[PDB]
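Reading the sequence shown from the start, the letters are residues 122 to 133, 142 to 384 in the authors' numbering. Notes follow once the structure below has been shown.
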Amino acid sequence: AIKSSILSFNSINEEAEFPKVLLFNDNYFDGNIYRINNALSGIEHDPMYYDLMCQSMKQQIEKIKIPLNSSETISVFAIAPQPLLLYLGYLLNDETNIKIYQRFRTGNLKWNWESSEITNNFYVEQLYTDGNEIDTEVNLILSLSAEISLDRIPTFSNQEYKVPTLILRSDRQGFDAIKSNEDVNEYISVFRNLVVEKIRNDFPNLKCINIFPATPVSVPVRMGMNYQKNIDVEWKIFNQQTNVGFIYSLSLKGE
Ligand SMILES: Nc1nc2c(ncn2[C@@H]2O[C@@H]3COP(=O)(O)O[C@@H]4[C@H](O)[C@@H](COP(=O)(O)O[C@H]3[C@H]2O)O[C@H]4n2cnc3c(N)ncnc32)c(=O)[nH]1
């Protein structure tokens, strides 16, 4: 009832600290730790990295769904490229008995929350005036850990092809944009209600959201859990990579 298992994913070892974090959050470790292996470490370089990592993660999560779903609570400590954190949340896709933790740069317990209340506000800028019935794609910039300047987003030169764009920002940007679970809960509410659902209201024939993110670890995992399989449109996530800009990584997609 207070019992929690641990799920650990590190592809970028603080595992000995995780039971202590549970105790600070009304839990205690139940003895079940599920380690998601970094299967294709060494091939982080070539353009098949995300395809191959997703296949490994999917197989690893399927083999433990029976023990996983038997957990009273699952406490998740995941740090990886944002697309794989999104995919992890998609594989877990269960907002109810799952607690997603955030890693901080300083502190006695790097993975314990720095606050128990809302510390930030999240808000939307839209770079278009009106929706329409023609556009099928939207660009979504997530500027939490840093402000992604618009010159970094692939943008079509001709006006008839320019993709409508929205930005989701926080009042406080930086590595501590998320300090509490309350912060993430509020982010996810804004993301779902004022971004994802708003975009589909504005563009009723939407097929795809292109995501360009600078966010801390808890945010992509919680967005992946928030994905509504076969209901949401395709979410294509791009990744900032050295000397190349934002490159397409992977999609969350219906079947
Ligand atoms: N500063 C900055 N970052 C940008 C910009 N455009 C894209 N980014 C990407 O966003 C991520 C922000 O870094 P973060 O530390 O707040 O969160 C990362 C991220 O959730 C996950 C994977 O890291 P990475 O692929 O490098 O993505 C980084 C950036 O490239 O892990 C988090 N992370 C990485 N290192 C740590 C750490 N020591 N402690 C806690 N979390 C970490 C841009 O313009 N500016």
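All residues carry an ideal CB built from backbone N, CA and C; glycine is no exception.
First through last residue of the alpha helix (DSSP H) which encompasses residue i
| i | result |
| --- | --- |
| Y216 | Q211 to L221 |
| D159 | It is not in any alpha helix (DSSP H) - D159 instead sits in the beta strand (DSSP E) that spans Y157 to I165. |
| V267 | From DSSP, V267 is part of no alpha helix (DSSP H) but of the beta strand (DSSP E) over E266 to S272. |
| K194 | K194 to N198 |
| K187 | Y178 to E191 |
| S318 | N310 to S318 |
| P148 | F147 to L152 |
Counterpart residues of residue i in DSSP-defined beta bridges
| i | result |
| --- | --- |
| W364 | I338 and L381 |
| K228 | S204 |
| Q369 | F375 |
| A343 | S272 |
Collapsed DSSP secondary structure at residue i in the structure displayed
| i | result |
| --- | --- |
| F233 | coil |
| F251 | strand |
| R298 | strand |
| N330 | helix |
| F304 | coil |
| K358 | coil |
| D280 | helix |
| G353 | helix |
| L238 | coil |
| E144 | helix |
| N287 | coil |
| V292 | coil |
| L323 | helix |
Run of the beta strand (DSSP E) containing residue i, from where it starts to where it stops
| i | result |
| --- | --- |
| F206 | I203 to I208 |
| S125 | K124 to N131 |
Close beta carbons around residue i, own chain, < 6 angstroms, minus the five adjacent residues each side
| i | result |
| --- | --- |
| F153 | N241 |
| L381 | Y219, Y356 and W364 |
| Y163 | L128 and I193 |
| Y230 | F206 and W240 |
| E311 | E246 and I247 |
| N222 | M354 |
Same chain, Cβ closer than 8 angstroms to residue i, five either side skipped, listed in chain order
| i | result |
| --- | --- |
| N166 | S185 and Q189 |
| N156 | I123, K124, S125, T202, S204 and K228 |
| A275 | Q302, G303 and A343 |
| residue 134 | A gap in the chain, from 133 straight to 142, means residue 134 has no coordinates in the model shown. |
Beta-carbon proximity list for residue i, same chain, < 7 angstroms, skipping 5 on both sides
| i | result |
| --- | --- |
| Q255 | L295 |
| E144 | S129 |
| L379 | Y179, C183, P212, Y216 and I366 |
For the region 292-306 against the region 238-258, are there 3 or more C-beta pairs whose distance is under 8 angstroms?
yes
Counting Cβ pairs, one atom from each stretch, are 3 or more of them under 8 angstroms apart for the region 256-272 and the region 190-199?
no
| query | Are the region 308-317 and the region 347-362 in contact at 8 angstroms, needing three or more beta carbon pairs? | reply | yes
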